[PDB]
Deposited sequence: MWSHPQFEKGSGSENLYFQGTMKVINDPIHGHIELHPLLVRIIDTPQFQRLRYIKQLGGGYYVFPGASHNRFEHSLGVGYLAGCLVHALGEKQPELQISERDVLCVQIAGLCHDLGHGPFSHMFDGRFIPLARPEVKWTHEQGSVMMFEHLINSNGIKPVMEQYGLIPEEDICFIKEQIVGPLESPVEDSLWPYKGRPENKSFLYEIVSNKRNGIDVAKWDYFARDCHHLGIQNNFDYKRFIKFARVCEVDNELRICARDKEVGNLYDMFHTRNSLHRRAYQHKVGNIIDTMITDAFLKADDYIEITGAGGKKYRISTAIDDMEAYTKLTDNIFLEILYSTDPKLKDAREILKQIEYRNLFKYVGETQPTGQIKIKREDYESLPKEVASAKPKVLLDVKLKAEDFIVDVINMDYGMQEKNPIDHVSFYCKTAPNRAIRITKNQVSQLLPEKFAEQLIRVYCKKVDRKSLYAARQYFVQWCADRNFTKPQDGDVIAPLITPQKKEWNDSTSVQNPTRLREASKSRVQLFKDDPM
């Protein structure tokens, strides 16, 4: 089989069935989507894309199931189970759009507030499209997979279930749905890859040692469910991982300028949406916000759309182009403040678009000259339990931030924007900004 040499995992061995899924346009698309979205414009080392991360997730998913399979043959983990987990690891991010999280986290809710969309649902659709347009089903049979149920298994590891809700594997293998993405504690192999990979590219330092965690993991009975468990001695490695997670969020994922830049890209896309045409199945033409509705079109929707707007000459694209040009010139939106919702609702995606109006409609009655419209405000909604076993008894067990930026960079609008912001938070009973 083939070896891919990754700076984080060294030599990666890929089963020939994984190679065939990788060597498709639907998987090679991930080479053109930056892992950290606009974070590259803030961190020059963060040039990595979804592709190499996905190889890493596919690789760690395998190492874990194969480690668990050797130390616990009573789990009856087949080599078909291994491949289904690796495929799910490879393919979990297939549905990511331009600038990863900025696309489904901010662009799609602002452009189509009525539509519900996640990158995970995109991954399922893209995976189904990847199989159908490349004849992967026979290659799966050739290598021992049973397509109808194994494809069901792979999709459920990605997006979740549609008593025991799953239908790809029975209850005696429930621990398999915990590897690729863990919806119950947030410890999965995908986190392991990008902690290490993002640290590597940001120059932040990573104390967590994923290999020791794999070496000592075990499946155990916890409330009559089979769950993967860490050794009781290894709590120190887990403390390190959580500290790395907190550093990456505080330093990189929630960086002030990096988030501002994400909203500028989203602004440019929104101004371009009516004029960019992406050709989907049958020659039908889609927009940036509607490419998610046709997988052929989505395949051709990547970070490229930044440069296609930046390089365009079309007069209708001028407004969008000038937003991208201000990023290059480093004339960004200006930070106004921050807040938190007090024991309150999740500010919901359907409401993201109404937010700039509320801020402008707020009444700071300490009245000054300048007044601002909704188009001048950006509102940024940033959305953000381990069982152990002792070695003497091996199968016995033991939120939202809201930033406001202003598109006008004068002293007076920024002074006024602050007054509107401080007023808006009182209206909704948010914490006082300062």
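Q: Where are the holes in the model when you compare it to the deposited sequence?
A: Residues lacking C-alpha coordinates: 1 to 21, 184 to 190, 413 to 423, 438 to 453, 490 to 533.
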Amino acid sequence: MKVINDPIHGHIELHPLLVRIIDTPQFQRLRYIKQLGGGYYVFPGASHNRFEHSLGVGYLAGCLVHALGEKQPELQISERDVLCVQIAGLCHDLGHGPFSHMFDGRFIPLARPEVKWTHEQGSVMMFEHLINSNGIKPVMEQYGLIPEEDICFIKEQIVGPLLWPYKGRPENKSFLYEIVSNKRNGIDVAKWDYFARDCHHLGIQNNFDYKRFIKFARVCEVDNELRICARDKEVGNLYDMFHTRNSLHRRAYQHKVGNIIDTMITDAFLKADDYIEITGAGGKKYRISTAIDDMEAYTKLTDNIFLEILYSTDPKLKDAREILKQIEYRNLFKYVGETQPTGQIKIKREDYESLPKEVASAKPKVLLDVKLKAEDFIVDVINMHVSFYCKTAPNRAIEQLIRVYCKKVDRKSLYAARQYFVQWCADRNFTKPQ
From here on, numbers count along this sequence of modelled residues.
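Q: Can you let me know which of the two, 412 to 420 or 15 to 23, has the higher average C-alpha B-factor in the entry?
A: The recorded data point to 412 to 420.
Q: Averaging C-alpha B-factors over each stretch, which comes out higher, 126 to 134 or 68 to 76?
A: Comparing 126 to 134 with 68 to 76, the higher average CA B-factor belongs to 68 to 76.
Q: Identify, among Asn182, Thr263, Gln121, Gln254, the residue whose C-alpha carries the highest B-factor in the deposited PDB entry.
A: So the option with the highest C-alpha B-factor is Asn182.
Q: By the entry's C-alpha temperature factors, tell me which of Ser247, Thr302, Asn207, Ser100 sits highest.
A: Among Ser247, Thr302, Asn207, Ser100, the PDB entry lists the largest C-alpha B-factor for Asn207.
Q: Place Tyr32 in the lowest, middle or highest third of its chain's C-alpha B-factors, as listed in the PDB entry.
A: Lowest third - that is where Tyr32 ends up once the chain's C-alpha B-factors are sorted.
Q: Is the Cα B-factor recorded for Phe388 in the lowest, middle or highest third of its chain?
A: CA B-factor rank for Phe388: highest third.
Q: Would you please rank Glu296 by its C-alpha temperature factor against the other modelled residues of its chain and give the third it falls in: lowest, middle or highest?
A: Ranked within chain, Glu296 CA B lands in the middle tercile.
Q: Where does the C-alpha B-factor of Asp150 rank in its chain, lowest, middle or highest third?
A: Its C-alpha B-factor belongs to the middle third of this chain's values.
Q: By the record's CA B-factor, is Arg403 among the lowest, middle or highest third of residues in the chain?
A: It falls in the middle third of the chain.
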